[PDB]
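*Asks:* First the structure, which I've put down as structure tokens, then a few questions once you've had a look.
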Protein chains: 6
Amino acid sequence: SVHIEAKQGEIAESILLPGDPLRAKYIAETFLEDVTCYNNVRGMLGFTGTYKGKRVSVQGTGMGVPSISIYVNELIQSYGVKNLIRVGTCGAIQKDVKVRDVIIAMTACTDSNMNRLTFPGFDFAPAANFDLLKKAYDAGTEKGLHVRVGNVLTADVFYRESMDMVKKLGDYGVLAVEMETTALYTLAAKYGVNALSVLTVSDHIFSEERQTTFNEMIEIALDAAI
Amino acid sequence: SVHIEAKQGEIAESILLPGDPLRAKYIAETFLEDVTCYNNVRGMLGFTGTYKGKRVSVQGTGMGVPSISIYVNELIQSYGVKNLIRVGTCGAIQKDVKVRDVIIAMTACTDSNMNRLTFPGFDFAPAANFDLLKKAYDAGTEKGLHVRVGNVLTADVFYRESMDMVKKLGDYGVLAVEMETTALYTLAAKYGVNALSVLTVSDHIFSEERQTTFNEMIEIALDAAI
Amino acid sequence: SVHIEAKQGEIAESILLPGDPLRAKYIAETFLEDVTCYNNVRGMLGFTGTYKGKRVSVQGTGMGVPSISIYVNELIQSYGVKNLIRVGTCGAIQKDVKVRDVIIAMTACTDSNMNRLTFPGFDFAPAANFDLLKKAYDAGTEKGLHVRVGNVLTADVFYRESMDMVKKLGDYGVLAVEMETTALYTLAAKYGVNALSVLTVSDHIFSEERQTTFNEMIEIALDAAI
Amino acid sequence: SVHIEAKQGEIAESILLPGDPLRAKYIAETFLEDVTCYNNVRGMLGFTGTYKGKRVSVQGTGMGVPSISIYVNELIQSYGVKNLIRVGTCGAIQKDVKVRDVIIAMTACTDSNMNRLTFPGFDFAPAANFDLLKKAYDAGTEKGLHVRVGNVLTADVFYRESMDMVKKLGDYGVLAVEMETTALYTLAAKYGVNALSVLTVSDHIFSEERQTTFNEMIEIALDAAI
Amino acid sequence: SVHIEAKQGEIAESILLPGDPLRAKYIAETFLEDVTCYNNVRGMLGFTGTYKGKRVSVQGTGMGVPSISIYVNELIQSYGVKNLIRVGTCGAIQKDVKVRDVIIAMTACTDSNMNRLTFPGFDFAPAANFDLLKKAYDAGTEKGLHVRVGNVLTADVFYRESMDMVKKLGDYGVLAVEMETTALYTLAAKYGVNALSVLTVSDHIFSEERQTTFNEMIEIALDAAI
Amino acid sequence: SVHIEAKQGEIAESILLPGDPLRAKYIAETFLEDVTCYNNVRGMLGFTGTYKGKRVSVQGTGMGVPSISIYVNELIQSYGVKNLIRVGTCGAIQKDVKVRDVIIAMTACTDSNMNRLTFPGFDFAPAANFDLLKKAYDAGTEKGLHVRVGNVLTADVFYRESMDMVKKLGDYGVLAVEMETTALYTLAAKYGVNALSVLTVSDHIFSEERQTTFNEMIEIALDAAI
Ligand SMILES: O=c1[nH]cnc2c1ncn2[C@@H]1O[C@H](CO)[C@@H](O)[C@H]1O
Ligand SMILES: O=c1[nH]cnc2c1ncn2[C@@H]1O[C@H](CO)[C@@H](O)[C@H]1O
Ligand SMILES: O=c1[nH]cnc2c1ncn2[C@@H]1O[C@H](CO)[C@@H](O)[C@H]1O
Ligand SMILES: O=c1[nH]cnc2c1ncn2[C@@H]1O[C@H](CO)[C@@H](O)[C@H]1O
Ligand SMILES: O=c1[nH]cnc2c1ncn2[C@@H]1O[C@H](CO)[C@@H](O)[C@H]1O
Ligand SMILES: O=c1[nH]cnc2c1ncn2[C@@H]1O[C@H](CO)[C@@H](O)[C@H]1O
């Protein structure tokens with residue numbers, strides 16, 4: 001495809017989607033066997049390997065709705081991918097959420113215009129695939145993680161001049177801020193495929209230090225995949 | 001409160017919220033013991049009774065975001081209600097969804113302006129309480145119902161001149177159209193209380209005949225309450 | 001129709017539209033002869049009777065744009081109604097307006113999205129039928145009422161977190177807040193029929209105690225109907 | 001003021017507001033006695049004279065919301081004007097409205113952003129002063145004119161690439177298109193003064209030849225002023 | 001055309017566009033030879049004459065996007081004009097910009113809705129013709145003027161209740177406020193013709209006294225025309 | 001900073017900003033001497049070296065407004081960068097623009113919400129620094145390139161379901177589509193620093209094969225930097 005140099009069939013139907021391509025490399029090296037790297041266009045590493053008998057891929061997305069939308073469109077429409085799990089980080093926007101918690105996004109709020117342009121006059125609420133969500137939740141629960149299922153903010157701006165609206169969203173239960181989920185969930189819905197975002201809380205708004213938790217999370221994402 | 005003539009303490013902390021006050025009456029008479037009617041202002045019947053040892057209320061909301069918002073604000077802020085489950089009907093906007101299916105709303109899209117006014121520039125995705133959602137899902141699964149967990153449209157207009165956008169939402173996985181969930185979920189989040197919407201599919205967009213299914217659904221809503 | 005169980009011909013061409021179905025009952029019992037109740041679906045009472053030799057109906061609408069829009073669409077499109085007068089209450093948003101004043105709405109402002117969706121990019125100003133407005137104004141003047149003709153706010157939210165914009169609207173002459181007029185006026189215009197809203201001021205923003213005034217108002221609404 | 005070179009006291013409290021400054025000149029010469037020209041800044045002629053014993057002014061506004069807003073702000077805030085009647089032309093957007101009809105605007109729709117910026121999230125419906133409206137209506141009725149009271153469109157664009165929305169507005173009863181009323185009515189309301197627009201229909205969307213009608217209209221505007 | 005009474009061929013292909021028709025008269029009398037006045041409709045003077053061997057016109061536009069849009073549409077579509085240079089005034093919204101500076105607008109911000117209606121969901125940035133811009137810049141530089149090339153605000157409201165957003169725009173480098181450029185640049189782009197705005201700073205937001213500078217500016221606009 | 005691991009002082013005040021970090025590597029290796037790599041966080045390579053006696057940096061930005069906004073905020077606010085030139089690719093949206101043309105963006109249109117959130121109610125037109133623009137234009141002209149100065153679209157979506165609005169923008173002179181310029185220009189303006197985007201046309205909407213042109217373009221960007 002335009003941004004992925006893989007041959008047809010090289011990408012598995014189940015794929016993990018970290019924002020950082022170096023985390024894709026880490027995931028492939030740490031968890032997968034029989035690995036090949038199918039993409040290095042723009043340095044946006046993608047790999048396919050085997051986890052517990054199943055082929056599974058891992059593809060960096062870059063940061064932000066526009067970047068992830070490119071990769072997700074291509075994965076679905078050019079490579080036939082069916083199950084897409086973002087494995088990311090996020091910033092807590094409530095005191096109740098703690099660093100190293102795992103958040104599974106039911107849905108996402110956004111300051112992006114992407115859905116307003118598609119559905120003029122409407123507020124589109126991008127939703128997770130419930131079956132994947134339940135699998136990941138059950139796996140995280142059995143792994144002994146602190147798992148929170150709820151709402152997140154998909155932000156276009158990392159550096160915002162006023163945080164008043166982010167604080168207000170936190171007062172309405174929005175758990176954390178990240179930069180991809182709206183796009184993943186919307187595009188998966190458009191194409192009738194299955195998506196989920198599983199996030200580790202890295203700080204509060206108001207790698208090695210989270211690597212054990214981060215691995216445990218990758219494990220539940222892989223499981224909800226296989 | 002302005003629209004509810006109940007004395008303090010007369011409304012239970014767990015409440016079912018049908019749109020039709022005559023369905024509130026039906027639910028109270030059919031399922032509850034030790035019943036009293038605490039409201040008849042505007043004919044918007046509300047009752048409190050006992051179900052399997054637990055006090056539980058049932059309150060008509062009327063139709064539309066503005067109507068349900070009045071009752072939900074008053075229930076939460078004047079009567080201390082903590083768990084609110086809408087028990088409603090909806091119109092399917094996909095062929096895969098069938099009449100008499102039970103839909104549990106994860107989230108809701110809307111053509112209402114209510115959240116745009118609260119969060120200028122943002123798309124707020126109103127989300128269910130996951131713990132209530134899981135309880136209801138598990139109860140419906142064990143009851144042997146066809147339960148679908150997903151996205152719905154909360155519409156301000158029942159009679160729309162063009163259905164193009166409703167069809168488009170259906171193409172993005174939105175299951176059905178109804179007229180309350182955005183408001184319930186948003187206000188419950190605002191006030192830190194727990195909400196869910198459990199809906200029976202009554203037709204396709206494109207009482208007695210659903211009374212057995214409707215009862216089974218009330219049963220799972222009551223259970224997810226007690 | 002979907003929400004009205006009347007047979008064809010049972011609803012008169014002129015109809016009064018209180019928000020409260022119990023007020024429809026009061027109006028029918030107090031003012032009309034040869035009365036029959038043609039609807040009890042959702043408890044949303046509707047009656048037809050005779051006032052000074054003319055058949056006239058009275059139909060509760062419920063609260064909010066979405067609720068009244070359902071009934072008004074059905075009345076116009078399924079029952080051939082031609083003259084629709086809302087008889088309601090409102091909350092004053094200026095000191096000059098006094099409790100028990102009668103307001104006849106020329107037009108209405110709104111925080112609803114209903115017209116933005118119909119007329120993207122435009123501000124639609126929903127207007128009263130002038131002939132009905134003049135009749136009601138003249139009747140109220142001759143009855144010796146305090147009648148104010150002007151602008152109102154049709155609100156989706158009764159409970160607003162900030163009243164800054166409501167106060168600002170009051171500074172621009174908007175008289176009172178209510179929850180139906182935009183929809184009535186817009187739909188009547190769409191279908192080429194005649195609408196008016198006549199409101200009693202029940203309080204300030206910043207039944208029996210208004211029953212004499214309320215009756216006098218019903219009287220002018222009936223007159224502007226016959 | 002910035003755009004009007006009049007001394008304090010030179011402008012009467014009642015003023016007619018044609019869009020064309022040459023029509024201001026015509027009105028002054030044709031109807032007024034004891035006339036002086038108080039402004040020629042930007043050629044935007046303004047005059048004060050006497051009509052039936054009363055001082056009255058007439059001021060060109062130019063075309064469009066931004067132009068009239070300049071003059072109306074200055075007239076109200078710098079010159080203490082209290083009654084402002086636009087006397088203009090318009091283009092019919094319905095077959096029922098005929099050339100040479102006089103339209104008295106109750107309210108106005110718009111494609112301008114001026115009110116969206118003032119009242120974010122709301123649709124502001126700019127309304128006529130009812131007392132002036134009634135006076136003008138009664139005067140036109142007694143003069144034997146075809147007078148229509150209703151809704152108009154205040155357009156920012158005279159030349160629109162698609163007329164679909166203008167046609168749709170006509171289907172919702174909007175009578176004609178012009179380019180000033182929203183601003184006049186909104187600013188008069190802001191400042192607690194009295195405004196009206198009285199328009200002659202000059203063509204259909206889909207001077208001498210209207211001069212008799214145009215005079216008769218000026219006459220009713222002057223009367224509703226004195 | 002509707003607002004210009006010129007015969008075909010009477011308007012030159014290059015035209016200067018002051019907002020004030022009396023400035024059009026001044027420009028024609030001061031700079032042009034062999035002059036004729038081709039328009040006095042609505043007092044909106046237009047002239048054609050000869051400058052250094054070339055026919056060139058000058059046409060008042062009035063104030064605001066709607067007014068200039070009328071004239072520019074007619075000039076382009078009815079009279080075949082190809083090069084349009086607004087010669088105007090503006091109010092500085094930064095301390096760095098000084099009275100009597102000449103601003104050449106690269107682009108313009110706006111509070112008008114005109115482009116939102118044309119391009120729903122998008123922010124259209126109206127741009128100058130670079131070739132005209134460079135010519136004018138080089139001419140102003142050689143004339144020894146203080147020339148600033150940058151961004152301006154095209155405002156619908158001259159009198160704004162809060163200046164917070166205007167100040168904020170100044171903090172983002174917007175140089176000055178005026179009332180026409182968005183429309184000129186957008187319409188010229190629509191029709192594939194060449195536009196520029198050249199403005200003299202007349203004051204700060206927070207004729208004779210600028211007549212020497214104003215002439216020098218007209219001179220560079222004429223030059224960028226011939 | 002959060003996304004750049006450079007020490008203070010390691011990044012030069014003038015910086016080139018390709019979207020592709022592998023192009024940053026190419027630029028550093030091909031054009032610069034005394035090179036060091038100061039960043040590999042997220043694989044988003046950044047280098048500093050020397051070009052014709054001047055220190056200059058080159059930093060990948062990733063794709064889309066949100067990604068470039070992160071890097072540009074950090075470069076300006078944490079590293080004191082003063083001159084920022086994006087060196088990118090774009091897709092032509094007019095037949096007149098040809099593959100391998102160099103476009104220098106005066107301004108940018110967008111479907112992003114980033115500026116609507118910052119300037120509610122306004123259309124912000126993000127503008128290039130004119131001095132940098134002129135330098136680059138003059139350098140490209142002297143190099144013998146086909147240089148076009150004009151408007152571009154900064155898109156959030158690479159894959160759009162309908163191209164109607166993109167085609168319409170092309171009809172209004174917008175030259176090409178890319179995914180960063182609005183953010184670069186807006187943030188540079190916010191912070192009072194100097195930005196430009198210089199783009200090679202890589203295809204039409206409706207590496208080695210452009211490497212000679214691409215180098216020549218890098219050369220003019222470097223020059224407009226030194
Ligand atoms: O506090 C945060 N705000 C925004 N995005 C965050 C935050 N924490 C983690 N991410 C995630 O990391 C990248 C940005 O650094 C984005 O991919 C975003 O999803
Ligand atoms: O097809 C439908 N469209 C809209 N609302 C519906 C539909 N089916 C059921 N409801 C529900 O019933 C009431 C309206 O009749 C509303 O309360 C809505 O939630
Ligand atoms: O102060 C008020 N705010 C909003 N609606 C009001 C107010 N006063 C009367 N109504 C009217 O009564 C119902 C809501 O209680 C709505 O039908 C509304 O039109
Ligand atoms: O058909 C029309 N469209 C728009 N404005 C009109 C029309 N007819 C009359 N006017 C009025 O005349 C000026 C514009 O020529 C404007 O002042 C407008 O109010
Ligand atoms: O400070 C200003 N604000 C708005 N417009 C201005 C300013 N200074 C000059 N103009 C220009 O003069 C007319 C309005 O008086 C408008 O044509 C506008 O472009
Ligand atoms: O046709 C195009 N559409 C959108 N972006 C493009 C196009 N051509 C080049 N780019 C540029 O390359 C990346 C996306 O592939 C983005 O950085 C964008 O600026």
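Simple scheme: letters A, B, ... for chains in structure tokens order, numbers from 1 for residues in each chain, numbers from 1 for ligands in the order shown.
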Could you please tell me, as a ChimeraX atom specification, which residues of chain E have an atom within 6 Å of chain F when using only C-alpha atoms?
*Replies:* /E:108-111,122-125,172-173,189-190
*Asks:* Per residue of chain B within 8 Å of ligand 2, note the shortest atom pair and the distance in Å to one decimal, counting only C-alpha atoms and all ligand atoms, and order the rows by chain and increasing residue number, as a Markdown table.
*Replies:*
| residue | atom | partner | partner_atom_place_in_ligand_line | distance |
| --- | --- | --- | --- | --- |
| B:19 | CA | ligand 2 | 17 (O) | 5.1 |
| B:20 | CA | ligand 2 | 17 (O) | 7.4 |
| B:62 | CA | ligand 2 | 17 (O) | 6.6 |
| B:63 | CA | ligand 2 | 17 (O) | 4.2 |
| B:64 | CA | ligand 2 | 17 (O) | 6.2 |
| B:88 | CA | ligand 2 | 19 (O) | 6.2 |
| B:89 | CA | ligand 2 | 9 (C) | 4.4 |
| B:90 | CA | ligand 2 | 9 (C) | 3.5 |
| B:91 | CA | ligand 2 | 1 (O) | 3.6 |
| B:92 | CA | ligand 2 | 1 (O) | 6.9 |
| B:154 | CA | ligand 2 | 19 (O) | 7.4 |
| B:155 | CA | ligand 2 | 4 (C) | 6.5 |
| B:157 | CA | ligand 2 | 4 (C) | 7.3 |
| B:158 | CA | ligand 2 | 4 (C) | 4.7 |
| B:159 | CA | ligand 2 | 3 (N) | 7.9 |
| B:176 | CA | ligand 2 | 1 (O) | 7.6 |
| B:177 | CA | ligand 2 | 3 (N) | 5.0 |
| B:178 | CA | ligand 2 | 19 (O) | 3.4 |
| B:179 | CA | ligand 2 | 19 (O) | 3.8 |
| B:180 | CA | ligand 2 | 19 (O) | 5.7 |
| B:181 | CA | ligand 2 | 19 (O) | 8.0 |
| B:201 | CA | ligand 2 | 8 (N) | 7.3 |
| B:202 | CA | ligand 2 | 8 (N) | 6.2 |
| B:203 | CA | ligand 2 | 1 (O) | 6.8 |
| B:204 | CA | ligand 2 | 1 (O) | 6.9 |
| B:205 | CA | ligand 2 | 1 (O) | 5.6 |
*Asks:* Grab the residues selected above and save them as a compact mmCIF listing (two decimals), in the first residue's frame with N, CA and C atoms.
*Replies:*
# COMPACT_ATOMS: atom_id res chain seq x y z
N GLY B 19 -39.62 4.98 29.16
CA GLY B 19 -40.10 6.24 28.64
C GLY B 19 -41.59 6.45 28.89
N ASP B 20 -42.35 5.36 28.85
CA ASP B 20 -43.81 5.39 28.97
C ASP B 20 -44.23 5.23 30.43
N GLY B 62 -40.85 10.14 29.92
CA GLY B 62 -41.24 10.80 28.69
C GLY B 62 -40.20 10.57 27.60
N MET B 63 -40.47 11.16 26.44
CA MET B 63 -39.67 10.92 25.24
C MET B 63 -38.77 12.10 24.93
N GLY B 64 -37.52 11.81 24.62
CA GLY B 64 -36.57 12.81 24.20
C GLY B 64 -35.59 13.23 25.28
N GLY B 88 -36.26 0.44 27.69
CA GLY B 88 -36.93 1.12 26.61
C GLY B 88 -37.12 0.28 25.38
N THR B 89 -37.59 0.96 24.34
CA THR B 89 -37.70 0.35 23.02
C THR B 89 -36.84 1.11 22.04
N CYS B 90 -36.63 0.52 20.87
CA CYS B 90 -35.82 1.13 19.85
C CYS B 90 -36.16 0.56 18.49
N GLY B 91 -35.73 1.26 17.45
CA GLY B 91 -35.95 0.84 16.07
C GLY B 91 -34.64 0.43 15.43
N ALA B 92 -34.59 -0.78 14.88
CA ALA B 92 -33.35 -1.28 14.32
C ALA B 92 -32.97 -0.51 13.08
N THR B 154 -29.24 8.26 19.77
CA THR B 154 -30.23 9.03 20.51
C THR B 154 -30.66 10.19 19.62
N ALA B 155 -31.88 10.12 19.11
CA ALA B 155 -32.40 11.09 18.15
C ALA B 155 -33.27 12.12 18.83
N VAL B 157 -35.20 13.85 16.60
CA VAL B 157 -36.35 13.77 15.71
C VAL B 157 -36.68 12.33 15.41
N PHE B 158 -37.91 12.00 15.73
CA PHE B 158 -38.50 10.71 15.38
C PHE B 158 -38.81 10.66 13.90
N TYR B 159 -39.37 11.76 13.38
CA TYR B 159 -39.75 11.90 11.97
C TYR B 159 -38.73 12.76 11.27
N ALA B 176 -29.44 0.80 16.46
CA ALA B 176 -30.84 1.14 16.60
C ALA B 176 -30.96 2.59 17.00
N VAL B 177 -32.17 3.11 16.84
CA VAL B 177 -32.51 4.48 17.19
C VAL B 177 -33.49 4.51 18.35
N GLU B 178 -33.23 5.43 19.26
CA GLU B 178 -34.06 5.67 20.44
C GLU B 178 -33.89 7.15 20.80
N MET B 179 -34.43 7.60 21.93
CA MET B 179 -34.53 9.04 22.17
C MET B 179 -34.15 9.48 23.59
N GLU B 180 -33.28 8.75 24.29
CA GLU B 180 -32.96 9.12 25.68
C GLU B 180 -31.54 8.87 26.16
N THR B 181 -30.84 7.90 25.58
CA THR B 181 -29.63 7.38 26.21
C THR B 181 -28.50 8.42 26.38
N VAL B 201 -35.87 -4.26 20.77
CA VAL B 201 -36.08 -3.83 19.39
C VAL B 201 -37.54 -4.07 19.02
N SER B 202 -38.25 -2.99 18.71
CA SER B 202 -39.68 -3.10 18.45
C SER B 202 -40.02 -3.12 16.97
N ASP B 203 -39.14 -2.59 16.12
CA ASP B 203 -39.34 -2.66 14.67
C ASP B 203 -38.05 -2.36 13.94
N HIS B 204 -38.11 -2.30 12.61
CA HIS B 204 -36.99 -1.82 11.80
C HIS B 204 -37.34 -0.47 11.20
N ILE B 205 -36.34 0.40 11.08
CA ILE B 205 -36.53 1.73 10.51
C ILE B 205 -36.84 1.68 9.02
*Asks:* Give me the residues of chain B that have any atom at most 10 Å from an atom of ligand 3; for each, the nearest atom pair and the distance in Å, rounded to one decimal. Use only C-alpha atoms and all ligand atoms, sort by chain and number, and format it as CSV.
*Replies:*
residue,atom,partner,partner_atom_place_in_ligand_line,distance
B:2,CA,ligand 3,15 (O),7.3
B:3,CA,ligand 3,15 (O),6.9
B:42,CA,ligand 3,15 (O),9.6
B:66,CA,ligand 3,16 (C),9.1
B:67,CA,ligand 3,14 (C),8.4
B:70,CA,ligand 3,14 (C),8.0
*Asks:* Going by DSSP on the backbone, which residues of chain B come out as helix (DSSP H, G or I)? List them as a count of residues only.
*Replies:* 84
*Asks:* Report, in Å to a single decimal, how far apart atom 4 (C, counted along the ligand's line) of ligand 1 and CA of residue 175 in chain A are.
*Replies:*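 Here the two named atoms are 12.2 Å from each other.
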*Asks:* In Å, with one decimal, what is the gap from CA of residue 142 in chain F to CA of residue 17 in chain F?
*Replies:* 22.8 Å
*Asks:* Work out how far atom 3 (N, counted along the ligand's line) of ligand 5 is from CA of residue 21 in chain E, in Å to one decimal.
*Replies:*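 Calculated distance between CA of residue 21 in chain E and atom 3 (N, counted along the ligand's line) of ligand 5 is 17.8 Å.
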*Asks:* Excluding residue 144 in chain A and any residue of its chain fewer than 3 positions from it, enumerate the residues within 12 Å of it, using only C-alpha atoms, and give them as JSON, numbers by chain.
*Replies:* {"A": [101, 102, 137, 138, 139, 140, 141, 147, 213, 216, 217, 220]}
*Asks:* For residue 11 in chain C, which residue among C:211, C:40, C:78, C:30 is the nearest when counting only C-alpha atoms?
*Replies:*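 Selected residue with least distance to residue 11 in chain C: C:78.
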*Asks:* Would you please work out which residue, of F:226, F:37, F:145, F:99, is nearest to ligand 6 when using only C-alpha atoms and all ligand atoms?
*Replies:* F:99
*Asks:* Could you please write out, as a list in words, every residue of range 102-142 of chain D that DSSP assigns to strand (DSSP E)?
*Replies:* residues 102, 103, 104, 105, 106, 107, 108, 109 and 110 of chain D
*Asks:* With only C-alpha atoms as the counted atoms, please give the residues lying no more than 9 Å from range 45-55 of chain C, apart from itself and same-chain residues fewer than 2 positions off, as a ChimeraX atom specification.
*Replies:* /C:4,6,10-15,20-22,24-25,28,31-43,57-61,222-223,226
